[PDB]
Structure formats: structure tokens, C-alpha cells
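*Asks:* this one's a deposited entry, sequence included:
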Amino acid sequence: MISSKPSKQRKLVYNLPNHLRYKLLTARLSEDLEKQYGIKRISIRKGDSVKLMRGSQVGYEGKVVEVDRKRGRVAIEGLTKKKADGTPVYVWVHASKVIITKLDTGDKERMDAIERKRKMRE
Amino acid sequence: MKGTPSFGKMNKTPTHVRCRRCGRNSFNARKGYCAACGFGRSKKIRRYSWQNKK
Amino acid sequence: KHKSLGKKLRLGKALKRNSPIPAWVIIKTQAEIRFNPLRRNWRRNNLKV
Amino acid sequence: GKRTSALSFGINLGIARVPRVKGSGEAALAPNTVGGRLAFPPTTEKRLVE
RNA sequence: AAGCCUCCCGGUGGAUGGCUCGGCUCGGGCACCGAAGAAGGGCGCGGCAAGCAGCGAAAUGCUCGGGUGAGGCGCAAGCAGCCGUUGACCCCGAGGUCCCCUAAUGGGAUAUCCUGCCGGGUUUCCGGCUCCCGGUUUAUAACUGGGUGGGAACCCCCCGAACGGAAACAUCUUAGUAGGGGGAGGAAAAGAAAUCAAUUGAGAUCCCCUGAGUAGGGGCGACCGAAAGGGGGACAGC
RNA sequence: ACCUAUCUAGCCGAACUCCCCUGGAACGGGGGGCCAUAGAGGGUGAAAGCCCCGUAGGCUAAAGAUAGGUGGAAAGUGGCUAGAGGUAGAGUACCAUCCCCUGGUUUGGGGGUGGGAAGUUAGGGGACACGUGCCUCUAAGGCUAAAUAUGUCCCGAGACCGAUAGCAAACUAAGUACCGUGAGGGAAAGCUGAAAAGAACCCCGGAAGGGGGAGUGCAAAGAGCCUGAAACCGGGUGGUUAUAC
RNA sequence: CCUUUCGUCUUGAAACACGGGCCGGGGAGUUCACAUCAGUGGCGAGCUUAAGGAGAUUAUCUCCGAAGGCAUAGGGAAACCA
RNA sequence: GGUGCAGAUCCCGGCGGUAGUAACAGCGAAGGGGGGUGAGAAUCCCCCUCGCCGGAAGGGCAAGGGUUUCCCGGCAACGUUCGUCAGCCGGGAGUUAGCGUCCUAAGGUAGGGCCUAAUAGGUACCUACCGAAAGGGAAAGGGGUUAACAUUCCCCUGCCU
RNA sequence: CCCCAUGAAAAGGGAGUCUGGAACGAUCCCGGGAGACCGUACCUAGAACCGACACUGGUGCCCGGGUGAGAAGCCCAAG
RNA sequence: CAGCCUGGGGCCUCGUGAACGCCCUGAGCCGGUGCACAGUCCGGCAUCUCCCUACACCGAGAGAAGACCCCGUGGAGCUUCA
């Protein structure tokens, strides 16, 4: 029932209210992840690690260290482009071209969100 | 004189000052009335059929 | 000045602040040259009371 | 664009080069110039069906 | 020597071309707020804070549940610091606060400001004070308890224009419109025939399509202009 | 109070990132494979159904709001037939006159002015008046569901425009700056690439996102940042001039 | 070698008439309704459905709906004749 | 189908030529020398001298502007030149009263009432109130102190209710 | 002295007289206490106001010597 | 019936820094033609280019839809025995 004019749609993604920002973070897990979790896609959190499929630096594995929730993109360590001075700045790669490799089971509040998605028992 | 000096004497108080209602410096003290915010003889707000061009 | 505290008693948006832009804010915006367009001056203007 | 009181400055002004209509200092409202109402604006009153 | 013309290059302006978190039309939903203080303005308020927006001295947000689920600290990248896993920020609902003027109504205002009288506890402070309706008490003294203004257009009702047209113009028309005044609501108005029409019939009102530029009016001039019936919608009547 | 439904909220929700080449990036070209009740649409380094959201369809309530049922109470309480009797709205109808309007015209409605009834065995109406018969209604008090009038607002769609147009308004504030003592009038102004990676560093100047050189990056038209025309002016290329349009 | 400068107003008057510095961008016979014609097609003594209803993937669409209007006879004021 | 442009003394934006031309004279002012600062000095600063005003270019007081006042640092524009300078820009600070408020004229208003159909209309009457920073209206000066204001802060003498 | 012009009113003060009241009691002095709120910077104009401007226009108001009647002109004090 | 001198302009130089006339850049003059008075047309006369100053003779110079006359079945105003 929501409209299909291009203009309105773009307004949502340029004006995303805060409690909906997970939407532009969720990325594809790996098969091994879903093998013991029974789930295809999920929102990113810190303390995690990911692999990449697109871009000039395809095929990297790092750690989830930086994020841009309001507009929806992340960054990983061990991947930088040196500025003129010589200090590193973090390469910015979107979740759209990444595959997660592992998560953090130390929250008990991210955990139940995993559970409620009809994944099988534990 | 009809030229510039006619503008000379024009340093005295404004014949219309800040009326407390509409935020327009348009309260004619001399007439005991605001010609803008309507305060002074209408309990109702001054409003017309022709605030603009239709 | 015997201003009868109707204009000086009110302070702010009336009788205050044709102010310059805050400095550190300019650093934040990184804007080329930051201004308040609302800039006015006593010699060239006539504040509408 | 009709939300104006613009008017010609009359004639013999010369400084008013033309009977273009201007509002107390600037020109508007004319079909030919900036921003004013269109020459013949389309309206929903026009027929559509065959 | 000027150059002249054309062309290459550069700057000076930014049309073209492209892109759009903007407006515009439509249809459909929805469609009153107000003395428990409106709408409308004026002021303040963040660490460093100008405008907007939000906020009201309880000033970038207070509480409680509900959802949400790892970052948040607006527009908007700086310095510095904090909130967050004892559930943040956000969104929903419920509350709490909620300055001043303002129909503003304690009284006064060319002051968005000053200033009384009662009663309350009492340090801060809190309640009440034009025109009316019905009660207390004396039969004029105060006291108990409840019509005002705004809102985009729309609606109802009184008052009421010229411009032009008639190739002039005065009757007429333009026209009960532009506009004035009052008064509402989300719709208003109106609503149960002293109705029609006509061979003895129909059965509130309203709007839509026709009837129909027909009837009929007027220097018979421009022009104005029905009703009845039929066809549709919902059709409620006390 | 309770139950049911609806609205305020978030949630589920398929299929490839497989091979080769180009390409800074694949969302491109070739090959290969698959879901589809979901190929509206949007995003992601380009033109992606199967990379991400959303979509068709389905699901969510503490607490509120709306609607319905479930609840309680009060009042007034025979029906028909025949006869007799009674009631049934005033300056109101109506009339004369003046005025107003509507087609209402010797015919309508309203008002002022003056008169002025009947009232049940009453009255009115049935295109001039009057009379006669025939036909149909009952005012001078109420009150009323729905069927229609509209966009301050909210969803949706569009043979509406692409920044001198589109409503004035797409921008740091727009009825804002401002012009006016005043009612009022009323502006201008979009684009750095995807990531500031905003040119570290070395020389000139005091400085200027200034010069030069280097560097980032596909590309620097790198802040005055997309593309970049003319009117213009400057350097150059090619002709060409002081006896002449 | 041959050659009065654009547009317009105008008998000609354009050259002593007017408006014309250059460049770029904007910019002016449209809408409705009626009447009448042409062209085109569908049907035909008929034509035509409106307003409107029902169903539908929902303004598209299909069915229904002559309501009505024009033609189908004219004359005159009428009684009427036709 | 908002539809093809050279004009419409068209509109809007850019830029031409006259062109470095006019003007930066005219109303009785005028500077000079030496030193300093700073990149840069006729223009800014220091010294001396000199000319002019001198019932005003001096001195003190309003309505108005609203920080135009002061301190510190600056010069792209802003200044009719320049400019190290400024009423300009940027960073900070700054007005205190026992020695206007009250009353009232011209008048005015708000209400009660007299009309207006209504009114945001008029209103002769009555009531209540507004109406002067030069009208009237209790009472202080002196000295002294900060860059910035003072009969207000420090001291003495007071003074009025 | 002039007037066919007769030249504002309140509040605010002070006093006088008569009534009632209580006996304590000051318009005396002495000691003590208090006295809202708000105006308060600057400029008054050949640069601070208006006239679109750092404008020979207007809007003000009030106030040394000599020479000289002089606020005339000149020059010079203060600045 | 004219003359001399002085201040500020006007001269020049540094700095700042406009607007008017513009179909044009092609315009020298003289007769002629033609809307009856030309820059281009016709026929002659000449006419090297560049620069500065003074002059306003011309450019039918510029300034302003002529203030006059008349027209429009155009206004406004005034008056009366319309």
C-alpha cells in the first residue's frame, strides 16, 4: 500500500529515524553461520568480523570496528588508505558487499533477538 | 520645504509603535488604537476578506 | 537614555545580537566562509523596533 | 503568480521604458516575463475522453 | 606601426545538457480547538550556542509502563567530557512541568509591563475578584454554582457596490456576486405539505441528470429565467 | 466490569554474489543455475528478480482510543364496534397602500404603514375578478438519521516542471532581508567525487584552498569545485595593411 | 564585375518616421460550451445513452441502465386542418 | 502538446563602447621638518613649529539610533586615495539613586444607558480610568576613586518620609 | 502702566474652628530601624538623527579679553 | 574698448573611478535624385596613418509617447433657463 513514487521512498532513507537504522546494516551471513544458527541475514554489531566480495580489495577478513548507523556503512581494521601526512584512515565498505564470519555471544540481549526468528532450538 | 527638508523633522516618535499583540511596530498611540493588531476597539482579531490579492 | 523599558527592557530578538558567527562552530561545518545573513548595522539600517 | 498588485508605471515616464507592469520597483505579472502566470495554463477543465 | 579576419589556447561569465529530500494537480481517507487559559505573537534555554526546529526557569528534555535493540549526545565533520548491557538514544501511549502578553477577566497601560483586596498554609508561594442564569444572607453587600475568540475553504442570516453591456445612455442587466456585520459546526441549511395535478392520481426534505433557454419576464435591448413530471442516489420520522 | 473486532508499534517474509572477459568499482558482455502468490519500487562504487530493504501475503500488544455484544433502571400501558359530546395555535390569516426583490406577469414571496377576521357547523388552495358546483390539504410553535459543500491535514496516483519553470518558497531564515510612519509590496540564491583521499612535505611572499614543485585519486575544470557557449579580452597559429571603402 | 539598413505603419512613404549596444535564457490565437460545416467511421427509421447501478486484478475495464434529446410532417393565433 | 523568435522603447542575467574620460575644485583651514612602527607610509604614530575656528568647528543637555562606549588583535571589502588606522571586522567587558513612577488641560477611552438590523458605528447623560522624561509634584552635596558609568560606589557633613 | 486679550486646573501641603474619645504624651530633642520597581553607556550632528551615503538640507535648546553700543566685523583667550 | 594680475578649476602626474547618445563604424565635401534637405544611391572633387588639446558648426546630436490643433459615439471637473 506504501507508495511507489521515487521521491517519497528516497526521503525515508535520507531521514531514517534512529530505531530503524539496523535496516541499512544487515548483511549476509555465511553457510557455516546459518548451519548452526538457522538464519540467513541479521543486523551487524560491533566486535564481529566479516568478509568482502566486491571492490578493489575483495576477499578480506577483518574485524567489525567502525560503523555509520545513521546512513548505514561500516569499516574493518587492517584496511586503510594513507593520507598525505601518513596517518591511516579507515576504508569505508558497505554491508551490501560483505559476508559475516562470526559474532559475539556475550550479550544475552542480542542473543534472544537471534532466538525469536524461529531458529530451531538453540 | 517640499523637497528633502520635508523629511527633516522626521526624528520624533513613530506614530505607530510596538502593539503588544501582532509584533508589528504599528500601534498608533495618537489614535489610541493599533491599525495592525486590531487591539483597541475590536475584541476580535482584525481580519479582512482581502489580506492579499485573491 | 530615557528609553521607557519597552525596548531595552526587552532584550534579545529585540535590542540584542547582530552577532558574529560562533568560531568553533565554523570548524565543525568546515564551511568555506560562515556568515549570519541576518547581519545588520546601525548606520545603514533602521531596526523595525 | 497572480498574488501581486503589480501595475504599469503609466506613460511619459520614459524611465518606465514600456507599459510592462511592475510592483512598486520590480516588474512581474506579465505573461512574457519572469515567474508570472503562464500564457495559457492547462487546467483540469479541459476535455480528456474520446 | 593599428590591426583585420579566421582559427588554437587561456581566463570572464554559467545556458545548454544532465540529477533532484520541492512544489503542482487530482482522486480516497480524515476532518473542531477554546477560562482546566486557545489560536497569535514576545521573551529566554545547551560546556563552548547565532538562526531554525524543539523546548518553558522542571529551557536540547523529567517520570512510568510498551516495542526496540548497541550505540547516542539535531540541523552541523571542532575541543573536551559524559550517558549506554543495572538496557541507552529512538518510537507509542500515559503522565509531570508548562514564563509574559494575548478574547486576557483583580485594577491600570503609547510598558509583552507595573500594581492592589481577600482566604490558604506559610520560607519559597497557592486560590478567587465586564454580561449573564439560577441559590446564601437585609429588603442593593459580599458570598455558592455554569454565554466571550480563533480556525483554509466551505455553511447560515441581515446590509449592500460600482466597472462594464446595451457598440451612446437614463429603465433594465451585469448582481444579491465584490464587500460589510453577526453566528455556528464538521458539515451546515432544510425537513414532515394549508404539497402538488386534473379524471380524480402521487406522497418529507436534499442533491445529481433531464425536463429547458421550455414556461415566463424586459427601452421586447442586451439579457434574465422556473416549476410539474421522469430517471438516479439514500429512501428512516417521532 | 467482561468479551470481540478496529486504530495507535513493530515483526515474518524465496531464490546466485557461480565461471570467463572488460572495467577503479560490476549493477556491464558471454556462459552457467534458481524462486516467483512476492519482477511496485528504492538502495548499494554504473543498467542487479535471485547483494540489501521493501513488495504479495501474513503476524504483533502492556496501555490507551473507537465500535458492537454482554448490563441496569424509570415512565406509559387492553383491542374492536355503534351512538352522543368536546378539542383542534390572532393583530395571525386576509385586505388597501408604499417599498423591496424574484419569470410571477391585471396572478409570487418579504417588510413598513392602516384596517382587519373566521376559527370544526373553521379555513386555505386548485394561473384576472366574482359565483356556482368538484378535488385536495389544516399554518400562524416544535425538533430530526442519512443521501452533498470543502482541503488548514493525512495516505495514493499522475501523457504536471526540472532550478529564470514549477505555488514566492528545493538553499543556513523564507513572508525571511528589505522599501514604506501605514494599511502593504516584496526578493535572490541548488550539483567537490563513492569514499575529503581537502594536496603531507620542500622553495617565494607576510598573508591569502596564493605561486612553484611533489602527492591522493578514473579523472582533478581541488573550494570560485559536473559538464562549461556567446557577447569579451589576452598570447599564439595562418594570411594580411599606412593611396586609400 | 553588381549591390541604399532590419522590422513595421504606410498611396508611396523607410533613407530626415518609429522601435532597434551585443550575447544568452525566458516569452504570445490557447480552454470550454453552443451553433454550423468538412473530413472520417459505426449504425440506420431510427439514432443515442446521459446521469446512474452491479461485477471486476478497481478510476482502465464488462454488463446493465432510453432517463432524455434530435429526426421521424407542415401550416396558422387558435379552435383545428393536415 | 505551455511547442520552433530579432525585435514587442519586451523581461532577466552577463558584458560592450564613449574609457582610465567625468569627477575626487567652488560653501574663505594648511601644513612643514625630524624620529618610530610596520612588508608597504603625503595620509598611522612621537616631537617641535605654524595656520584656522573660537556667541562656534567650544561646553552641556533631548526624541533617535542600540553598543554608535571602552579594552585587546586585525585589514579582502567596507573609508570617495592609501592605510599598520577607524563609528570597520574579529576576541572580551560596561550603566546601580530613601534625595518616571503620582495628579491633571487640551482631550481620550471603557462601561451603564439613547439610537444603529448588526456591528470593530455614533453616542449629548452618568460612572471608572488613560493622558506631560520642559505643567505641578518630600527631601545632598561636597570633595575622592576605575579604560569604560556616577549627585548612586569610598569619607564627612547632612537631609526627608 | 496696559487690556472690548484679564492671562489652567488637580492632586500635594499647612493652618484655623467645633464634636467625640482615652490619659498619656508630642509638629522637641536624644538613641535606634527601614525606605519598592524601573530610567541611568555613548552622540548630538559638516561622520553617531532623518533626508537611500561618512549628505554645505532640516530638527533643537541653553551659556572670556581687547577693539569696539554691541551676541556686528577682526584678532586672540578656554577648548 | 579693451587690458594686467591673484585663488580654485581647468594643464600635467599618482591613486580611485561612472553615466548619454550606439541598426552600423562603412560616415570628407560639393551638385543631383529621391517622402520634395543623404553615410552609403548617381556624378565629380579630393582624401597617408596614428596621437593630444580647443571649439560646439554639423551629425536634420542627445533629454522627454509635443505643453499647442484635431479625432475617439474616451475620461475627469465646473456651471445653468440641458
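*Replies:* Cool, the structure landed. Residues are numbered from 1 along each chain as shown, chains lettered A, B, ... in the order given.

*Asks:* C-alpha only now, for contacts and for neighbours.
*Replies:* Fine.

*Asks:* I'd guess residue A:112 is in a helix, am I close?
*Replies:* Yes: with DSSP: H, G, I helix; E, B strand; the rest coil as the criterion, residue A:112 is part of a helix.

*Asks:* and it, what is it in contact with?
*Replies:* With contact set as Cα atoms under 8 Å, 6 or more residues apart in numbering or on different chains, residue A:112 has no partners.

*Asks:* that one and residue D:21, how far apart?
*Replies:* Distance of residue A:112 to residue D:21, computed by Cα to Cα, to the nearest Å: 72 Å.

*Asks:* residues from chain D in reach of RNA strand E?
*Replies:* With Cα under 7 Å from any atom of the strand as the criterion, chain D comes near RNA strand E at residues residue D:44.

*Asks:* any idea how far the residue of chain D found nearest RNA strand E lies from chain B?
*Replies:* Minimum separation of chain D from RNA strand E (Cα to the nearest atom of the strand) falls at residue D:44, amounting to 5.9 Å. The gap separating residue D:44 from chain B is 20 Å, by Cα to the nearest Cα, to the nearest Å.

*Asks:* residues contacting the most centrally placed residue in chain B?
*Replies:* When Cα atoms, centre = their mean is applied to chain B, the residue found nearest the centroid is residue B:26 (3.1 Å). For residue B:26, the contact set (Cα under 8 Å, 6+ apart) comprises B:15-19, B:34-37.

*Asks:* dump these into TSV; add secondary structure, distance to residue A:106 and neighbour count as well.
*Replies:* As requested, the contacts of residue B:26 are exported to TSV (DSSP: H, G, I helix; E, B strand; the rest coil; distance: Cα to Cα, whole Å; neighbours: other Cα atoms under 10 Å in any protein chain shown):
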residue	secondary structure	distance to residue A:106	neighbour count
B:15	coil	75	12
B:16	coil	71	18
B:17	strand	68	17
B:18	coil	65	21
B:19	coil	65	21
B:34	strand	70	25
B:35	coil	71	17
B:36	coil	67	20
B:37	coil	65	22
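
*Asks:* nearest residue to the residue of chain B found nearest chain C other than its sequence neighbours?
*Replies:* When distances are taken as Cα to the nearest Cα, chain B reaches nearest to chain C at residue B:25, 6.3 Å away. Closest residue in space to residue B:25, ignoring its immediate chain neighbours: residue B:18 at 3.7 Å, by Cα to Cα, 6 or more residues apart in numbering or on different chains.

*Asks:* repeat for residue D:23
*Replies:* In space, residue D:23 is closest to residue D:6, 3.9 Å off (Cα to Cα, 6+ apart).

*Asks:* I'd say the one you found and residue D:30 touch.
*Replies:* No: the pair residue D:6 / residue D:30 is not scored as a contact, 9.1 Å apart, by Cα atoms under 8 Å.

*Asks:* joint contacts of the two?
*Replies:* Counting by Cα under 8 Å, 6+ apart, the contacts common to residue D:6 and residue D:30 are residue D:21.

*Asks:* in contact with the residue in chain C positioned nearest to chain B, which residues?
*Replies:* Chain B sits closest to residue C:49 of chain C, with a gap of 6.3 Å, by Cα to the nearest Cα. Residues in contact with residue C:49 (Cα under 8 Å, 6+ apart) are B:17-18, B:25, C:7, C:14.

*Asks:* any idea which helix or strand comes after the helix ranked longest in chain A?
*Replies:* Longest helix in chain A, counting residues (DSSP state H): helix A:6-14. Downstream of helix A:6-14, the next assigned helix or strand under DSSP states H and E is strand A:27-28.

*Asks:* in the sheet, who's paired with residue A:81?
*Replies:* residue A:89 (DSSP bridges).

*Asks:* doesn't residue A:57 make contact with it?
*Replies:* No: with contact defined as Cα under 8 Å, residue A:81 does not reach residue A:57; the gap is 11.3 Å.
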